[PDB]
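**Q** no sequence on this one, just coordinates:
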RNA sequence: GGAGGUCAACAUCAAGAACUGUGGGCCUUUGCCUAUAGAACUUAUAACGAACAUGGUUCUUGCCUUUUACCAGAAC
RNA sequence: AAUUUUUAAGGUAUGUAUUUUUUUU
Ligand SMILES: Nc1nc2c(ncn2[C@@H]2O[C@H](COP(=O)(O)OP(=O)(O)OP(=O)(O)O)[C@@H](O)[C@H]2O)c(=O)[nH]1
Ligand SMILES: [Mg+2]
Ligand SMILES: [Mg+2]
Ligand SMILES: [Zn+2]
């Protein structure tokens, strides 16, 4: 078996370029909880906030377009539809509100969560919504009639995150009981349970192509192949915890933001960490306020947007020089257990 | 619409209580503080290790040192006595008086 | 009967979400074995620290793990920002003459 | 001590019905039924003659506030 | 691999068909002739001996429909399927103090820096300038 | 400033650009509607069919003595536009802009008053003609 | 603006008394109720707000 | 077979001034061009109704101890 | 050159027991 681990030095994974800080956008009165980008045109992005607003930022120039009020408590998660001109926002005030983009007003409230709802996922093909929160369940809403059609009972604790996939398991959910469940919605029961995490799973991201899912915990970032549900890879991590956010670029780049401010880029295929950064917090902030609460890659995949606990948005750009002049990353040491 | 004010009352009985009643309450708590919460037992109760072990309460309410046979008006007085030079001696005398026999 | 968040029961909900949000982080930092009494105790440090923020008292503590202190300071800066921003918003609302009710005035002037 | 809030499933397993008891709320009445798809003596005489900080309270906008409304 | 086009067009259809069954049934349940505008022998008895035809009689529109329906609580037993494997100094560092508040004691459980040269220099000038003026 | 300092643009954003009414996702409309400015027929299949056979009219265009250009003038509400409205309906076999009401009698059809202002203003603003053949 | 604010103020206090009982009916509250001096048992409030305001 | 029914079901009724069907031509049937057949009901001081109510959400207001009940304008 | 009318609720608690024909040794 280790004869293979002798050959496991033959891969030498996939060089990638280093990431650097292009621009910093202030302008939010609270923390920036969540970020979503225009799925079609990469023209602008939306930003949840502690201060209850949402602001639409112009992506090219970083200027501000319009602000969207309408929640009385923080806005935890945000989704913008590929197929619709709709913005779905969700808050800690137990409410899930649609936003018709053409007129920029509220359209449809979705009612019937018990307590705060921290996540929204739009099903790709079905005109459904998936939301979940401290209530420990997922509700699948008919987007047109605002009916909580299907309620997926499951995790024994608050659900942190929710994803949607077109084929089987259509709903991936990750709660604080350290279980990532893969749901069968038509039968309303769990297809497969992934227990390998030690503690609460605070972030999950879907790969734009490969059809797999990444999960995160304190020290551990795993991956999982959907369908079967098998473990695929692991990601090498020294104690980086807490992992708040994962995002996957088209290029097999995997970003993991921390609560220590340390940004950690990986290589999705290998599980190698090819860089680490630390944000420079802000002028008058505290060392406690240096962290990363969200993230995304735009559709091109060359620019990363992460809102941070210092009330700032930072757009992280990939270096054009790069290659192997001096890129070389943390340089591939496969330590053993 | 007198709800504008913001005061109110519960519907039970007749509130304030009588100045004499406050003193009884206040002189129990003061003797709880200075006593550091210990229950000093009555003299007749047939002995919860005591903090010390000599102080008691007679059939009346007064406090007494059973070594020194002194009578005390309050806890404050007792702490004067326990920190006194007479209550020092009677411990030494009982010290010797025990060290001469078993 | 899931009851919506309204004007009267707003800041109670703000409390509840804050307390949960702090237990999440601090429990995800610590190594493993024992939480619940420890879970209860950590929150008392939080509220105490907020009281200290309102009174401008610094809130140092004897031996406390630094990361926990980082967490508590972070959330208290969030809560302080929201508290101040509402203090200003209600104040301009009162100035221009719009109806601010009653105890929002009496509450405001304490904040200011 | 809120501790463990309330799980949905116990409220989702109740035998009322799929819907609630059948109470008809005022906000569940059908609305936006259709979706939308995307595609010089005087001068002389005198004696004295001739950055954004991150915080709410120490900021520049704040001092202006207490410079006015606290008078 | 990616799910593929022919498979995603399948589960899209079979789910979309299923959901409509839930939406239709749910709209037509509650009290609205208004909202319900959006909407088999079935039995071979036992050994099949008799056969069966089932027909649901029309209820009187005044009387409560679902006469047996009444809102009641139910505690649910646990699901059949079982046993999913879990497959997973500092105690003195992470030992928390005990919280003691100055502002509450419920139930039981009983500056450095010096001045500036600014002040030093200013008072001399006022002390000197005064002595000069008092002379 | 310097904490990033060199290659980085730190920009503080208050107020707004893009006034709040703008769609932020613009309504996508393929068809080009002229119905606000004028009431017009933009599709060839819908042009009213002419009994008199247009291509025979195009033959008359060559002979200079054959055609005469005649404008109609007069004071207010003398019937000029409603006069023209006689010649056209007699010329064309079916017109899509005829309601059963204007066909019957009650409301005059006004073919020449195409503009929406002229319809509302109850008046003729800009001159509009037609080219049609008619026998003496 | 001072005159406008007078007209608002005086009506707001009279409304204070009216809402104090339970009516906005004009018929119940003829101006003698607000304007008779306290020596005859009214409020004796002193009205500067009737006027006519130059527009 | 006709005249009817305070009978029923089903289909349809706010859109490039705005409908369908057909034959041919380019594309290789969507779509474009061309010839042709048939277009009931509703529309230009714009509409199934020569009539006219209520509710919901979000804004701006008015009464102002708070919710219901409310003031009166807008958008959807 | 013209306003506009009123009903509920936040105040007098709340809780427990009480009219019963003698279940076979
Ligand atoms: N009683 C009567 N009224 C008519 C007759 N002919 C036209 N009218 C009315 O008089 C008005 C004149 O119709 P138009 O053709 O629009 O008037 P016009 O000649 O176009 O006036 P312009 O604005 O100058 O173009 C219309 O409102 C008609 O309803 C008529 O013979 N008898
Ligand atoms: Mg009370
Ligand atoms: Mg109340
Ligand atoms: Zn003694």
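**A** Sure thing, it's come through. Numbering: from 1, shown residues only, chains lettered A, B, ... in the order given. Ligands and ions are numbered 1, 2, ... in the order given.

**Q** how about the residues of chain G near chain B?
**A** G:19-20 (C-beta under 8 Å from any C-beta of the partner chain). Every C-beta, even on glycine, is put in place using the N, C-alpha and C of the backbone.

**Q** pull the contacting residues for the spatially most central residue of chain G.
**A** Centroid-nearest residue in chain G: residue G:14, 4.3 Å away (criterion: C-alpha atoms, centre = their mean). Counting by C-beta atoms under 8 Å, 6 or more residues apart in numbering or on different chains, residue G:14 makes contact with G:29, G:34, G:45.

**Q** helix, strand or coil: sort out residue A:73 for me.
**A** Secondary structure, DSSP: H, G, I helix; E, B strand; the rest coil: residue A:73 is coil.

**Q** hmm, residue A:51 and it touching each other?
**A** No: using C-beta atoms under 8 Å, residue A:73 is not in contact with residue A:51; the gap is 10.0 Å.

**Q** neighbour-wise, which of those two wins?
**A** residue A:51 (22 against 19; other C-beta atoms under 10 Å in any protein chain shown).

**Q** just give the nearest non-adjacent residue to that one, would you?
**A** Excluding the flanking residues, the one nearest residue A:51 by C-beta to C-beta, 6 or more residues apart in numbering or on different chains is residue A:30, at 3.6 Å.

**Q** coming back round to it: where's the residue nearest to the centre of chain G, which helix or strand?
**A** helix G:2-21 (DSSP states H and E).

**Q** burial measure for residue C:53, as a count.
**A** Neighbour tally, residue C:53, other C-beta under 10 Å: 17.

**Q** quick check, the one helix or strand it maps to touching chain A?
**A** Assigned by DSSP H and E, residue C:53 belongs to helix C:36-54. No: under the criterion of C-beta under 8 Å from any C-beta, helix C:36-54 makes no contact with chain A; the nearest approach is 12.0 Å.

**Q** which SSE is immediately downstream of that helix?
**A** helix C:66-95.

**Q** count the residues that sit near residue C:41.
**A** 13.

**Q** quick one: it from residue A:170, how far?
**A** Remark: distance between residue C:41 and residue A:170 (C-beta to C-beta, to the nearest Å) = 42 Å.

**Q** can you check residue E:43 too?
**A** 34 Å.

**Q** these two: which is more packed in?
**A** Shown here are residue E:43 and residue A:170; by other C-beta under 10 Å, residue A:170 has more neighbours (27 against 12).

**Q** which ones are touching the more buried one?
**A** Contacts of residue A:170 by C-beta under 8 Å, 6+ apart are A:123, A:164, A:183-185, E:11, E:15.

**Q** show me where chain E has helices.
**A** Residue ranges of the helices in chain E, as given by DSSP state H, are E:5-27, E:90-93, E:117-134.

**Q** run the chain-centre distance for the last one.
**A** If I follow you right, that is helix E:117-134. 70 Å (C-alpha atoms, centre = their mean, to the nearest Å).

**Q** near chain D at all, that helix?
**A** No: residues of helix E:117-134 are not located near chain D by C-beta under 8 Å from any C-beta, the shortest gap being 13.4 Å.

**Q** for chain F, what's its nearest residue on chain G.
**A** Chain G approaches chain F most closely through residue G:1 (29.7 Å), counting by C-beta to the nearest C-beta.

**Q** what parts of the stretch 201-337 of chain A come near chain D?
**A** Checking the stretch 201-337 of chain A against chain D by C-beta under 8 Å from any C-beta, the hits are A:282-285, A:289, A:310-312.

**Q** for those residues, which one is nearest ligand 4?
**A** residue A:289 (62.0 Å; C-beta to the ion).

**Q** re earlier: just the ones of the contacts of residue A:170 in helices?
**A** Those of those lying in helices (DSSP H): E:11, E:15.

**Q** okay, the contacts of residue A:170 in a markdown table with neighbour count and distance to chain F next?
**A** Below are the contacts of residue A:170 laid out as a markdown table (neighbours: other C-beta atoms under 10 Å in any protein chain shown; distance: C-beta to the nearest C-beta, whole Å):
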| residue | neighbour count | distance to chain F |
| --- | --- | --- |
| A:123 | 21 | 20 |
| A:164 | 22 | 21 |
| A:183 | 25 | 31 |
| A:184 | 15 | 34 |
| A:185 | 25 | 29 |
| E:11 | 19 | 29 |
| E:15 | 20 | 27 |
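
**Q** any idea which of the contacts of residue A:170 is closest to RNA strand H?
**A** Of all the contacts of residue A:170, residue A:123 has the smallest distance to RNA strand H: 23.9 Å, by C-beta to the nearest atom of the strand.

**Q** list the contacts for the closest residue in space to the closest one that isn't next to it in sequence?
**A** Once flanking residues are discounted, residue A:123 sits nearest to residue A:164: 4.4 Å by C-beta to C-beta, 6+ apart. Counting by C-beta under 8 Å, 6+ apart, residue A:164 touches A:121-124, A:128, A:130, A:170-172.
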